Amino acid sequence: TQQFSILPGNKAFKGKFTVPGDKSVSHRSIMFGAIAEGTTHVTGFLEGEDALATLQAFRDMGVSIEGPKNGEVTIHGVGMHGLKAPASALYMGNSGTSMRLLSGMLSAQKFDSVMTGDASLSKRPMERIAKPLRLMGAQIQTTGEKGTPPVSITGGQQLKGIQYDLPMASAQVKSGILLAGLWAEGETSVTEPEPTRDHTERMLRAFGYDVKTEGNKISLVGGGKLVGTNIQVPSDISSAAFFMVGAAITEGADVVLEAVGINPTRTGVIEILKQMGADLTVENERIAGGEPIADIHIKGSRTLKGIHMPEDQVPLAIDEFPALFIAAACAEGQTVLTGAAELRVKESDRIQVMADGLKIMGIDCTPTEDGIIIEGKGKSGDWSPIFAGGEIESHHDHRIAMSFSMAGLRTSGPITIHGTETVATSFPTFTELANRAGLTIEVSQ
């Protein structure tokens, strides 16, 4: 166990900062850089659980890779057919993402493969991706009735593109199918019943592959070719969100977050904060590595106010609601969240864990079946403490820990957050940026 400690008192919160690279986009650059023609140089790379497992997999399959080192990776791509058979099982650790995306890719290879995982991944079913791949002609075996790992794939198959109506929305399953479709005969198409992130699609385009996005119908034609290029990874908006919130709840705060990724499938926190009356502007908009980026300028010039959060932004801000709950508490009036049933018990009930911590800090809130109700203690023009402090349980959820860390900007008492050791893995520079901004956080045993 590890814990964060924060002391009460009027904090400053200002500066120009760049948060770490987007987790998902970092991963995709490896997926496609490995099988592209020529060299790929990646910058702003953040290696997470997914990246490291995928990095090792392609190393095992003969790909030469320098790094990651200081956010830089050089990938000597081997072309669409340059992968070599792994000498043993490809260990995925806890990366279900790696396993699902590589399933599609591996099911199209000449050679056999086995994918295995740790105790947690070994329990996760893989039939939602395996089933459509089998329709394409893939030979993919799973374990037991629930179809969990190990996932055993037989190569040397001829895949055919299918038109697939996805029963349950999933960027991972969607991505797995499309990746197999790169080697398949004809067009592979996925129709998702609900909108998901499109980092896979955008990275494919960055590498020169044509991908049609036509409403909820996402498709490509197999036989194409990927071309190595330079990939600047956008900084993670999910990481930036904590400092957006911090700036919006701190008096006279002035924060510029540079090169923040603003993929429209990820920008829900911006729209929501804006609707809460936040002084938040999006300037210097441009594109890097097929991803849109911008500088986010947030000022604590006025008091947030509680709103009925827009339901059309919930899919776009799903991971940012723990941070937004902190904003809601400092806001004037009541905040209500609906249509966020996904947010409850998604193998971790963030609504309740936040509620527990918020209540400990003296905030009247109430979990609902599809969200939460928060009674904000904010008052227009008033920047007196909102939170009472206390001891907080994060349950090793980094987003919970980082959220309650921001609460230290408006607390009348000490805050101790337990189980914060996963914060550094997700957001390595979090406490550093916090300190540079004016939010001192002491890490302990």
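Start at 1 with the first residue shown and count on from there.
- Comparing 40-48 with 388-396, the stretch with the higher mean C-alpha B-factor in the PDB entry is 388-396.
- Of the two segments, 285-293 and 328-336, the one listed with the higher mean B-factor is 285-293 (C-alpha atoms only).
- Between the residues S403, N70, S64, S26, the entry's highest C-alpha temperature factor is the one at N70.
- Out of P315, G228, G155, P322, the entry records its largest CA B-factor for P315.
- Annotation for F207: CA B-factor lies in the lowest third of the chain's modelled residues.
- The PDB entry assigns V260 a C-alpha temperature factor belonging to the lowest third of its chain's modelled residues.
- For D22, the recorded CA B-factor ranks within the lowest third of the chain. Only modelled residues enter the ranking.
- Annotation for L135: C-alpha temperature factor in the middle third relative to the rest of the modelled chain, per the entry.
- In the deposited entry, the Cα temperature factor of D236 places it in the lowest third of its chain's modelled residues.
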